[PDB]
Amino acid sequence: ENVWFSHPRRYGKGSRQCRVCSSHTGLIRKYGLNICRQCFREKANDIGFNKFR
Amino acid sequence: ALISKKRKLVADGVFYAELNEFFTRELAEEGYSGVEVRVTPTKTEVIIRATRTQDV
Amino acid sequence: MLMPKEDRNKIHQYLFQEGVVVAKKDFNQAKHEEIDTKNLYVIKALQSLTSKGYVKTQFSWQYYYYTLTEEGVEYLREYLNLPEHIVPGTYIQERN
Amino acid sequence: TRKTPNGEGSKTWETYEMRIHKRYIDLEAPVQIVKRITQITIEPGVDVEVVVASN
Amino acid sequence: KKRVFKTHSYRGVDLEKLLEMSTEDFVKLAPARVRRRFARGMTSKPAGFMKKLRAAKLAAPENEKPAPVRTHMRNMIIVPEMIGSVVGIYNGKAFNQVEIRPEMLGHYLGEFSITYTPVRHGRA
Amino acid sequence: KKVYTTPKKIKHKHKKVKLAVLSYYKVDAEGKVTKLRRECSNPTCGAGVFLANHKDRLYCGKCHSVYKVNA
RNA sequence: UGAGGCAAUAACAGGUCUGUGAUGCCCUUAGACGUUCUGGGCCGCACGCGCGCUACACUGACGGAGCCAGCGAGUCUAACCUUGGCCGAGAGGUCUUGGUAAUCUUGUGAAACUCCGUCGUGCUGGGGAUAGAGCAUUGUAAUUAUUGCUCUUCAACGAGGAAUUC
RNA sequence: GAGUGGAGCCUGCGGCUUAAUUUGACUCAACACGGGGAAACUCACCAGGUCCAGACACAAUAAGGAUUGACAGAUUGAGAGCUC
Ligand SMILES: [Mg+2]
Ligand SMILES: [Mg+2]
Ligand SMILES: [Mg+2]
Ligand SMILES: [Mg+2]
Ligand SMILES: [Mg+2]
Ligand SMILES: [Mg+2]
Ligand SMILES: [Mg+2]
Ligand SMILES: [Mg+2]
Ligand SMILES: [Mg+2]
Ligand SMILES: [Mg+2]
Ligand SMILES: [Mg+2]
Ligand SMILES: [Mg+2]
Ligand SMILES: [Mg+2]
Ligand SMILES: [Mg+2]
Ligand SMILES: [Mg+2]
Ligand SMILES: [Mg+2]
Ligand SMILES: [Mg+2]
Ligand SMILES: [Mg+2]
Ligand SMILES: [Mg+2]
Ligand SMILES: [Mg+2]
Ligand SMILES: [Mg+2]
Ligand SMILES: [Mg+2]
Ligand SMILES: [Mg+2]
Ligand SMILES: [Mg+2]
Ligand SMILES: [Mg+2]
Ligand SMILES: [Mg+2]
Ligand SMILES: [Mg+2]
Ligand SMILES: [Mg+2]
Ligand SMILES: [Mg+2]
Ligand SMILES: [Mg+2]
Ligand SMILES: [Zn+2]
Ligand SMILES: [Zn+2]
């Protein structure tokens with residue numbers, strides 16, 4: 001009701017975040033996965049990204 | 001529906017990553033130990049592998 | 001918080017029904033799936049219900065997993081007055 | 001990705017890969033066998049897809 | 001004499017035509033960046049700004065500048081409909097009074113308010 | 001850090017006045033009642049809500065602001 | 001075999017509370033160190049240091065023309081990769097089109113490079129800084145000029161001290 | 001061998017400047033590093049304006065109303081009832 005509490009959040013770094021933590025900074029957006037590289041390494045297993053080479 | 005195959009398979013792994021979490025919190029006092037997710041016709045099946053199934 | 005008794009009754013009726021409530025960590029949503037109220041109304045009315053016992057809270061990955069308990073059952077059984085042994089997701093469906 | 005949460009160190013880069021293998025087989029048959037052969041042969045983790053048609 | 005000097009020309013238009021030509025006819029004769037900004041967004045912008053700007057220049061002590069009208073829109077482009085008014089062109093803190101002249105046309109307000117205290121190196 | 005400055009003057013809030021208010025209504029000598037101040041023709045304000053009486057102004061407050069009847 | 005992945009014991013007061021709804025303790029908490037909105041700032045410029053990009057041309061610049069890769073990536077409850085057709089000097093525009101992809105973009109007709117010409121050592125036609133003016137694209141927003149284009153302006157730099165990277 | 005170090009700009013760091021010019025890091029192992037290409041955002045800085053999203057306990061106020069909102073105007077950068 002209070003027409004006074006927001007401004008374009010359609011694009012750029014502020015539109016987004018990280019589905020685990022909220023960090024706008026350091027986001028892997030590839031493959032529509034949207035994880036900050038610091039939570040990407042802490043999950044990379046459970047997602048299925050592993051280390052062959 | 002209607003997604004790319006890559007995007008689908010990554011998306012499924014994120015679906016795994018999150019589920020494992022939600023259980024790894026929720027069922028701590030029930031000795032939760034991992035999940036598996038099996039897809040079929042009709043249903044979508046998730047099996048909690050935990051060491052106290054009478055409390056789940 | 002501050003919310004009319006109408007939106008409290010949408011929350012309390014709904015939760016007594018489903019026994020479990022879900023809410024993504026994102027105020028400024030205005031309406032959330034399934035409950036015709038402000039998102040903020042839900043989270044806060046819930047956390048209110050939680051700090052006094054009643055319902056437990058869980059978070060993980062931005063999404064807040066709300067679990068009604070048995071004493072909590074007693075309370076909206078009062079708030080919705082409905083008779084002793086009223087409802088809750090405590091009947092094991094048809095034969096599923 | 002860089003290995004460090006922060007910024008210090010040598011600039012160790014890592015690299016993660018997930019392996020997506022695709023296969024397709026074509027069969028001509030009735031409706032009974034498709035339905036028989038598809039409900040079973042179920043496998044968690046493998047994605048089975050069955051279309052139809054010539055277009 | 002006879003020639004009371006002569007008015008300004010924006011790009012071939014003297015003062016008076018620009019005075020009652022209309023904004024849309026102005027920007028139409030404005031350049032690249034202007035006809036773009038005026039193209040897009042046509043639903044509520046220099047709104048009550050222009051109703052205050054004109055009610056000031058009306059409520060004017062006659063043969064004198066109108067009262068300053070402050071605004072934060074460092075981004076407005078200057079149109080003949082605002083020629084001769086006094087605008088408080090915010091710069092970060094405090095509104096810089098600036099008189100709009102027939103030659104500042106189509107420049108942004110913010111080029112007329114400095115956002116930074118020059119430099120002075122060494123010194124003491 | 002730095003802490004505190006102020007060229008003074010702090011902002012207040014609101015008060016919601018006082019008023020025993022709803023004396024507005026008049027009962028004659030036993031016992032006919034005639035209302036005072038005119039009510040709002042909006043379907044949401046079932047004519048129980050009234051209109052504030054200023055200047056030109058007659059304003060519906062239940063309609064948390066809505067609309068502008070003037071008599 | 002070439003190249004990686006993994007990798008014991010132990011050590012550092014190395015970095016990270018500025019990735020985390022990981023956290024102790026301390027601070028603050030309504031005249032907010034909470035959050036949000038408006039605007040500016042991180043870009044500010046006498047100048048020191050580092051990583052670099054483009055050059056000083058003739059094994060070259062320019063103009064025709066020859067014409068060849070590999071690792072990628074791409075749009076649902078949406079506007080991603082974009083062929084073709086016209087229009088436009090250009091940037092671009094516009095009507096259409098294929099692709100959730102070894103199927104469409106794409107043979108990614110890349111660039112050095114090859115070839116026939118022009119120039120001819122002259123700060124030259126090497127170099128393209130700085131600036132003027134006009135045109136477009138992204139975006140609510142382009143001023144301190146997001147980027148692109150045309151024209152014009154035509155710097156320093158004639159191979160680089162001690163030093164020092166790979 | 002191909003360079004850097006000299007030149008032009010690009011970029012980080014220092015210093016100065018500044019309302020602020022957010023900040024970590026300073027030999028190899030700091031300085032095209034924080035995935036750090038910042039117009040809003042990001043944002044931590046600066047000049048200003050809102051909101052509480054202060055659970056819960058008890059006490060107090062208080063249905064003769066505890067509290068909430070607002071049209072216009074004044075005001076405000078602003079079609080913020082911020083305030084009046
Ligand atoms: Mg918001
Ligand atoms: Mg200043
Ligand atoms: Mg009354
Ligand atoms: Mg081998
Ligand atoms: Mg230390
Ligand atoms: Mg950390
Ligand atoms: Mg802390
Ligand atoms: Mg982060
Ligand atoms: Mg963790
Ligand atoms: Mg703080
Ligand atoms: Mg910076
Ligand atoms: Mg240095
Ligand atoms: Mg380096
Ligand atoms: Mg050539
Ligand atoms: Mg290929
Ligand atoms: Mg033309
Ligand atoms: Mg289509
Ligand atoms: Mg020469
Ligand atoms: Mg020359
Ligand atoms: Mg040249
Ligand atoms: Mg600008
Ligand atoms: Mg600046
Ligand atoms: Mg930018
Ligand atoms: Mg040399
Ligand atoms: Mg040498
Ligand atoms: Mg800081
Ligand atoms: Mg070393
Ligand atoms: Mg801001
Ligand atoms: Mg508000
Ligand atoms: Mg309190
Ligand atoms: Zn994260
Ligand atoms: Zn009404």
# chains A, B, ... in the order shown; residues from 1 in each chain; ligands from 1
call {"tool": "residues_around", "arguments": {"residues": "range 18-26 of chain F", "least_positions_apart": "3", "cutoff": "7 Å", "atoms": "only C-alpha atoms (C1' of nucleotides)", "output": "MDAnalysis selection string"}}
result
(chainID F and resid 33:36) or (chainID H and resid 64)
call {"tool": "residues_near_ligand", "arguments": {"ligand": "ligand 6", "cutoff": "9 Å", "atoms": "only C-alpha atoms (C1' of nucleotides) and all ligand atoms", "output": "list in words"}}
result
residues 5 and 6 of chain D; 16, 17, 18, 19, 20 and 22 of chain G
call {"tool": "residues_near_ligand", "arguments": {"ligand": "ligand 20", "cutoff": "8 Å", "atoms": "only C-alpha atoms (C1' of nucleotides) and all ligand atoms", "output": "PyMOL selection string"}}
result
chain G and resi 61+125-128
call {"tool": "residues_around", "arguments": {"residues": "residue 13 in chain B", "least_positions_apart": "4", "cutoff": "8 Å", "atoms": "only C-alpha atoms (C1' of nucleotides)", "output": "PyMOL selection string"}}
result
(chain A and resi 46-48) or (chain B and resi 9+17)
call {"tool": "closest_residue", "arguments": {"among": "C:25, C:33, C:59, C:11", "to": "residue 25 in chain B", "atoms": "only C-alpha atoms"}}
result
C:59
call {"tool": "residues_near_ligand", "arguments": {"ligand": "ligand 9", "cutoff": "12 Å", "atoms": "only C-alpha atoms (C1' of nucleotides) and all ligand atoms", "output": "PyMOL selection string"}}
result
(chain A and resi 20-21+38-43) or (chain B and resi 21) or (chain C and resi 60-61) or (chain D and resi 5) or (chain G and resi 19-23)
call {"tool": "write_last_selection", "arguments": {"atoms": "N, CA, C and O atoms (P, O5', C5', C4', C3', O3' and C1' of nucleotides)", "output": "PDB file, in the first residue's frame"}}
result
ATOM      1  N   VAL A  20      21.585 -19.921  -2.069  1.00  0.00           N
ATOM      2  CA  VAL A  20      21.975 -20.435  -0.763  1.00  0.00           C
ATOM      3  C   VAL A  20      22.149 -19.319   0.267  1.00  0.00           C
ATOM      4  O   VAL A  20      21.772 -19.479   1.430  1.00  0.00           O
ATOM      5  N   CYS A  21      22.732 -18.183  -0.112  1.00  0.00           N
ATOM      6  CA  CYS A  21      23.250 -17.278   0.898  1.00  0.00           C
ATOM      7  C   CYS A  21      22.805 -15.822   0.793  1.00  0.00           C
ATOM      8  O   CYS A  21      22.833 -15.145   1.828  1.00  0.00           O
ATOM      9  N   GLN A  38      31.429 -19.218  -3.924  1.00  0.00           N
ATOM     10  CA  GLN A  38      31.767 -19.775  -2.628  1.00  0.00           C
ATOM     11  C   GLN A  38      30.761 -20.822  -2.170  1.00  0.00           C
ATOM     12  O   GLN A  38      31.134 -21.749  -1.445  1.00  0.00           O
ATOM     13  N   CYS A  39      29.498 -20.720  -2.562  1.00  0.00           N
ATOM     14  CA  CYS A  39      28.627 -21.859  -2.311  1.00  0.00           C
ATOM     15  C   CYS A  39      28.672 -22.882  -3.434  1.00  0.00           C
ATOM     16  O   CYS A  39      28.249 -24.025  -3.231  1.00  0.00           O
ATOM     17  N   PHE A  40      29.188 -22.512  -4.608  1.00  0.00           N
ATOM     18  CA  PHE A  40      29.293 -23.498  -5.674  1.00  0.00           C
ATOM     19  C   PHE A  40      30.307 -24.575  -5.330  1.00  0.00           C
ATOM     20  O   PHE A  40      30.099 -25.747  -5.644  1.00  0.00           O
ATOM     21  N   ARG A  41      31.409 -24.206  -4.701  1.00  0.00           N
ATOM     22  CA  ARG A  41      32.372 -25.232  -4.375  1.00  0.00           C
ATOM     23  C   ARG A  41      31.904 -26.059  -3.194  1.00  0.00           C
ATOM     24  O   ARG A  41      32.252 -27.238  -3.084  1.00  0.00           O
ATOM     25  N   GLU A  42      31.094 -25.480  -2.325  1.00  0.00           N
ATOM     26  CA  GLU A  42      30.574 -26.234  -1.197  1.00  0.00           C
ATOM     27  C   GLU A  42      29.404 -27.129  -1.585  1.00  0.00           C
ATOM     28  O   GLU A  42      28.918 -27.901  -0.742  1.00  0.00           O
ATOM     29  N   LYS A  43      28.931 -27.043  -2.825  1.00  0.00           N
ATOM     30  CA  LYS A  43      27.873 -27.919  -3.285  1.00  0.00           C
ATOM     31  C   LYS A  43      28.276 -28.787  -4.458  1.00  0.00           C
ATOM     32  O   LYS A  43      27.693 -29.864  -4.619  1.00  0.00           O
TER      33      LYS A  43
ATOM     34  N   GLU B  21      20.421 -30.740   1.920  1.00  0.00           N
ATOM     35  CA  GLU B  21      20.436 -29.737   2.975  1.00  0.00           C
ATOM     36  C   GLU B  21      19.183 -29.840   3.836  1.00  0.00           C
ATOM     37  O   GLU B  21      19.280 -30.204   5.012  1.00  0.00           O
TER      38      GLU B  21
ATOM     39  N   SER C  60      17.109 -23.003   5.832  1.00  0.00           N
ATOM     40  CA  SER C  60      17.769 -23.592   4.666  1.00  0.00           C
ATOM     41  C   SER C  60      17.426 -22.982   3.303  1.00  0.00           C
ATOM     42  O   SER C  60      16.291 -23.073   2.831  1.00  0.00           O
ATOM     43  N   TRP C  61      18.424 -22.378   2.654  1.00  0.00           N
ATOM     44  CA  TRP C  61      18.371 -22.005   1.238  1.00  0.00           C
ATOM     45  C   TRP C  61      17.293 -20.969   0.936  1.00  0.00           C
ATOM     46  O   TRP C  61      16.724 -20.972  -0.154  1.00  0.00           O
TER      47      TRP C  61
ATOM     48  N   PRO D   5      38.014 -18.305  -1.278  1.00  0.00           N
ATOM     49  CA  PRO D   5      36.822 -17.456  -1.060  1.00  0.00           C
ATOM     50  C   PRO D   5      37.134 -15.981  -1.264  1.00  0.00           C
ATOM     51  O   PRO D   5      36.330 -15.232  -1.841  1.00  0.00           O
TER      52      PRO D   5
ATOM     53  P     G G  19      34.153 -12.313   2.033  1.00  0.00           P
ATOM     54  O5'   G G  19      32.575 -12.581   1.965  1.00  0.00           O
ATOM     55  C5'   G G  19      31.795 -12.249   0.816  1.00  0.00           C
ATOM     56  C4'   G G  19      30.661 -13.235   0.602  1.00  0.00           C
ATOM     57  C3'   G G  19      30.065 -13.797   1.870  1.00  0.00           C
ATOM     58  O3'   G G  19      29.091 -12.949   2.393  1.00  0.00           O
ATOM     59  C1'   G G  19      30.493 -15.553   0.362  1.00  0.00           C
ATOM     60  P     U G  20      28.945 -12.900   3.967  1.00  0.00           P
ATOM     61  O5'   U G  20      28.140 -14.226   4.334  1.00  0.00           O
ATOM     62  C5'   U G  20      26.760 -14.359   4.025  1.00  0.00           C
ATOM     63  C4'   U G  20      26.331 -15.799   4.069  1.00  0.00           C
ATOM     64  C3'   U G  20      26.256 -16.424   5.453  1.00  0.00           C
ATOM     65  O3'   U G  20      24.986 -16.261   6.031  1.00  0.00           O
ATOM     66  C1'   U G  20      27.410 -17.867   3.957  1.00  0.00           C
ATOM     67  P     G G  21      24.542 -14.883   6.684  1.00  0.00           P
ATOM     68  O5'   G G  21      23.203 -15.265   7.484  1.00  0.00           O
ATOM     69  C5'   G G  21      23.260 -15.850   8.787  1.00  0.00           C
ATOM     70  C4'   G G  21      22.716 -17.269   8.833  1.00  0.00           C
ATOM     71  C3'   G G  21      22.837 -18.082   7.552  1.00  0.00           C
ATOM     72  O3'   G G  21      22.937 -19.458   7.950  1.00  0.00           O
ATOM     73  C1'   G G  21      20.559 -17.882   8.117  1.00  0.00           C
ATOM     74  P     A G  22      23.796 -20.524   7.116  1.00  0.00           P
ATOM     75  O5'   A G  22      25.311 -20.324   7.541  1.00  0.00           O
ATOM     76  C5'   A G  22      25.653 -19.803   8.814  1.00  0.00           C
ATOM     77  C4'   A G  22      26.560 -20.719   9.589  1.00  0.00           C
ATOM     78  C3'   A G  22      26.959 -20.196  10.945  1.00  0.00           C
ATOM     79  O3'   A G  22      25.950 -20.424  11.896  1.00  0.00           O
ATOM     80  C1'   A G  22      28.870 -20.988   9.828  1.00  0.00           C
ATOM     81  P     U G  23      25.349 -19.180  12.696  1.00  0.00           P
ATOM     82  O5'   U G  23      26.537 -18.838  13.695  1.00  0.00           O
ATOM     83  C5'   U G  23      26.812 -19.704  14.793  1.00  0.00           C
ATOM     84  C4'   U G  23      28.201 -19.527  15.375  1.00  0.00           C
ATOM     85  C3'   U G  23      28.429 -18.301  16.235  1.00  0.00           C
ATOM     86  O3'   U G  23      27.913 -18.473  17.540  1.00  0.00           O
ATOM     87  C1'   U G  23      30.264 -18.620  14.781  1.00  0.00           C
TER      88        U G  23
END
call {"tool": "interface_residues", "arguments": {"of": "chain G", "to": "chain B", "cutoff": "12 Å", "atoms": "only C-alpha atoms (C1' of nucleotides)", "output": "JSON, numbers by chain"}}
result
{"G": [73, 74, 75, 76, 77, 78, 80, 99, 100, 101]}
call {"tool": "write_last_selection", "arguments": {"atoms": "N, CA, C and O atoms (P, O5', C5', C4', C3', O3' and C1' of nucleotides)", "output": "PDB file, in the first residue's frame"}}
result
ATOM      1  P     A G  73      29.329 -25.241 -23.014  1.00  0.00           P
ATOM      2  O5'   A G  73      28.525 -24.005 -23.612  1.00  0.00           O
ATOM      3  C5'   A G  73      28.555 -22.754 -22.952  1.00  0.00           C
ATOM      4  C4'   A G  73      27.556 -21.782 -23.511  1.00  0.00           C
ATOM      5  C3'   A G  73      26.155 -22.306 -23.666  1.00  0.00           C
ATOM      6  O3'   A G  73      25.489 -22.329 -22.422  1.00  0.00           O
ATOM      7  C1'   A G  73      26.772 -21.057 -25.579  1.00  0.00           C
ATOM      8  P     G G  74      23.959 -22.764 -22.307  1.00  0.00           P
ATOM      9  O5'   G G  74      23.196 -21.454 -22.675  1.00  0.00           O
ATOM     10  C5'   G G  74      21.844 -21.522 -23.013  1.00  0.00           C
ATOM     11  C4'   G G  74      21.534 -20.492 -24.044  1.00  0.00           C
ATOM     12  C3'   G G  74      20.293 -20.776 -24.844  1.00  0.00           C
ATOM     13  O3'   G G  74      19.159 -20.253 -24.197  1.00  0.00           O
ATOM     14  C1'   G G  74      22.096 -20.342 -26.309  1.00  0.00           C
ATOM     15  P     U G  75      18.721 -20.805 -22.757  1.00  0.00           P
ATOM     16  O5'   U G  75      17.276 -20.176 -22.543  1.00  0.00           O
ATOM     17  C5'   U G  75      17.067 -18.820 -22.914  1.00  0.00           C
ATOM     18  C4'   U G  75      15.632 -18.512 -23.255  1.00  0.00           C
ATOM     19  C3'   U G  75      14.650 -19.637 -23.042  1.00  0.00           C
ATOM     20  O3'   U G  75      14.360 -19.840 -21.679  1.00  0.00           O
ATOM     21  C1'   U G  75      14.212 -18.631 -25.121  1.00  0.00           C
ATOM     22  P     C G  76      12.878 -20.234 -21.253  1.00  0.00           P
ATOM     23  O5'   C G  76      13.029 -20.949 -19.848  1.00  0.00           O
ATOM     24  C5'   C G  76      12.126 -21.985 -19.509  1.00  0.00           C
ATOM     25  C4'   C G  76      10.833 -21.430 -18.963  1.00  0.00           C
ATOM     26  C3'   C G  76       9.835 -22.475 -18.480  1.00  0.00           C
ATOM     27  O3'   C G  76       9.213 -21.976 -17.298  1.00  0.00           O
ATOM     28  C1'   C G  76       8.792 -21.085 -20.107  1.00  0.00           C
ATOM     29  P     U G  77      10.080 -21.228 -16.145  1.00  0.00           P
ATOM     30  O5'   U G  77       8.938 -20.555 -15.231  1.00  0.00           O
ATOM     31  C5'   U G  77       7.535 -20.595 -15.567  1.00  0.00           C
ATOM     32  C4'   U G  77       7.185 -19.805 -16.820  1.00  0.00           C
ATOM     33  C3'   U G  77       6.063 -18.764 -16.695  1.00  0.00           C
ATOM     34  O3'   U G  77       6.361 -17.628 -17.513  1.00  0.00           O
ATOM     35  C1'   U G  77       5.475 -20.393 -18.334  1.00  0.00           C
ATOM     36  P     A G  78       7.392 -16.508 -16.988  1.00  0.00           P
ATOM     37  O5'   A G  78       8.769 -16.889 -17.698  1.00  0.00           O
ATOM     38  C5'   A G  78       8.786 -17.322 -19.051  1.00  0.00           C
ATOM     39  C4'   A G  78      10.047 -16.908 -19.762  1.00  0.00           C
ATOM     40  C3'   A G  78      10.245 -15.402 -19.910  1.00  0.00           C
ATOM     41  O3'   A G  78      11.654 -15.137 -20.052  1.00  0.00           O
ATOM     42  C1'   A G  78       9.950 -16.355 -22.046  1.00  0.00           C
ATOM     43  P     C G  80      16.438 -11.488 -25.014  1.00  0.00           P
ATOM     44  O5'   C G  80      16.863 -12.858 -24.357  1.00  0.00           O
ATOM     45  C5'   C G  80      18.121 -12.997 -23.737  1.00  0.00           C
ATOM     46  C4'   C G  80      18.819 -14.254 -24.176  1.00  0.00           C
ATOM     47  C3'   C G  80      19.345 -14.258 -25.595  1.00  0.00           C
ATOM     48  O3'   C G  80      20.547 -13.548 -25.765  1.00  0.00           O
ATOM     49  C1'   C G  80      18.249 -16.299 -25.186  1.00  0.00           C
ATOM     50  P     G G  99      12.581 -25.385 -35.420  1.00  0.00           P
ATOM     51  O5'   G G  99      13.855 -25.326 -34.461  1.00  0.00           O
ATOM     52  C5'   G G  99      14.986 -26.156 -34.686  1.00  0.00           C
ATOM     53  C4'   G G  99      16.072 -25.897 -33.671  1.00  0.00           C
ATOM     54  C3'   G G  99      15.628 -25.889 -32.216  1.00  0.00           C
ATOM     55  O3'   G G  99      15.559 -27.197 -31.669  1.00  0.00           O
ATOM     56  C1'   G G  99      16.933 -23.967 -32.644  1.00  0.00           C
ATOM     57  P     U G 100      14.895 -27.457 -30.225  1.00  0.00           P
ATOM     58  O5'   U G 100      16.140 -27.600 -29.232  1.00  0.00           O
ATOM     59  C5'   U G 100      16.532 -26.532 -28.378  1.00  0.00           C
ATOM     60  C4'   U G 100      16.791 -26.964 -26.950  1.00  0.00           C
ATOM     61  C3'   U G 100      16.006 -28.168 -26.441  1.00  0.00           C
ATOM     62  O3'   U G 100      16.803 -28.922 -25.524  1.00  0.00           O
ATOM     63  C1'   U G 100      15.448 -26.234 -25.164  1.00  0.00           C
ATOM     64  P     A G 101      17.795 -30.110 -26.017  1.00  0.00           P
ATOM     65  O5'   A G 101      18.374 -29.585 -27.410  1.00  0.00           O
ATOM     66  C5'   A G 101      17.951 -30.128 -28.652  1.00  0.00           C
ATOM     67  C4'   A G 101      18.882 -29.728 -29.767  1.00  0.00           C
ATOM     68  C3'   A G 101      20.344 -30.076 -29.528  1.00  0.00           C
ATOM     69  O3'   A G 101      20.673 -31.379 -29.956  1.00  0.00           O
ATOM     70  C1'   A G 101      20.161 -27.781 -30.068  1.00  0.00           C
TER      71        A G 101
END
call {"tool": "select_by_dssp", "arguments": {"residues": "chain D", "states": "helix (DSSP H, G or I)", "output": "list in words"}}
result
residues 31, 32, 33, 34, 35, 36, 37, 38 and 39 of chain D
call {"tool": "residues_around", "arguments": {"residues": "residue 46 in chain B", "least_positions_apart": "2", "cutoff": "7 Å", "atoms": "only C-alpha atoms (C1' of nucleotides)", "output": "JSON, numbers by chain"}}
result
{"B": [35, 36, 37, 38, 44, 48]}
call {"tool": "write_last_selection", "arguments": {"atoms": "C-alpha atoms", "output": "compact mmCIF listing (two decimals), in the first residue's frame"}}
result
# COMPACT_ATOMS: atom_id res chain seq x y z
CA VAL B 35 18.95 -39.08 0.28
CA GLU B 36 18.21 -40.48 -3.13
CA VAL B 37 15.61 -39.24 -5.59
CA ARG B 38 14.01 -41.69 -8.03
CA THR B 44 8.42 -38.53 -7.66
CA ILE B 48 15.52 -40.83 3.36
call {"tool": "residues_near_ligand", "arguments": {"ligand": "ligand 18", "cutoff": "12 Å", "atoms": "only C-alpha atoms (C1' of nucleotides) and all ligand atoms", "output": "list in words"}}
result
residues 56, 57, 121, 122, 123, 124, 126, 127, 156, 157 and 158 of chain G
call {"tool": "residues_around", "arguments": {"residues": "residue 47 in chain F", "least_positions_apart": "6", "cutoff": "12 Å", "atoms": "only C-alpha atoms (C1' of nucleotides)", "output": "ChimeraX atom specification"}}
result
/F:35,37-41,60,62-63
call {"tool": "write_last_selection", "arguments": {"atoms": "C-alpha atoms", "output": "CSV table (one decimal), in the first residue's frame"}}
result
chain,number,residue,atom,x,y,z
F,35,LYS,CA,-28.1,12.1,12.0
F,37,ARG,CA,-22.9,15.2,8.9
F,38,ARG,CA,-23.6,13.4,5.6
F,39,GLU,CA,-22.7,9.8,4.8
F,40,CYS,CA,-20.8,8.2,1.9
F,41,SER,CA,-22.4,6.6,-1.2
F,60,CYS,CA,-14.8,10.0,3.2
F,62,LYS,CA,-13.4,5.0,5.7
F,63,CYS,CA,-12.6,5.1,2.1
call {"tool": "residues_around", "arguments": {"residues": "residue 25 in chain D", "least_positions_apart": "5", "cutoff": "12 Å", "atoms": "only C-alpha atoms (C1' of nucleotides)", "output": "ChimeraX atom specification"}}
result
/D:48-51
call {"tool": "closest_residue", "arguments": {"among": "A:2, A:18, A:31, A:12", "to": "ligand 31", "atoms": "only C-alpha atoms and all ligand atoms"}}
result
A:18
call {"tool": "closest_residue", "arguments": {"among": "E:117, E:33, E:103, E:123", "to": "ligand 22", "atoms": "only C-alpha atoms and all ligand atoms"}}
result
E:117
call {"tool": "atom_distance", "arguments": {"atom1": "CA of residue 1 in chain C", "atom2": "CA of residue 45 in chain C"}}
result
6.9 Å
call {"tool": "atom_distance", "arguments": {"atom1": "CA of residue 55 in chain B", "atom2": "CA of residue 13 in chain C"}}
result
27.7 Å
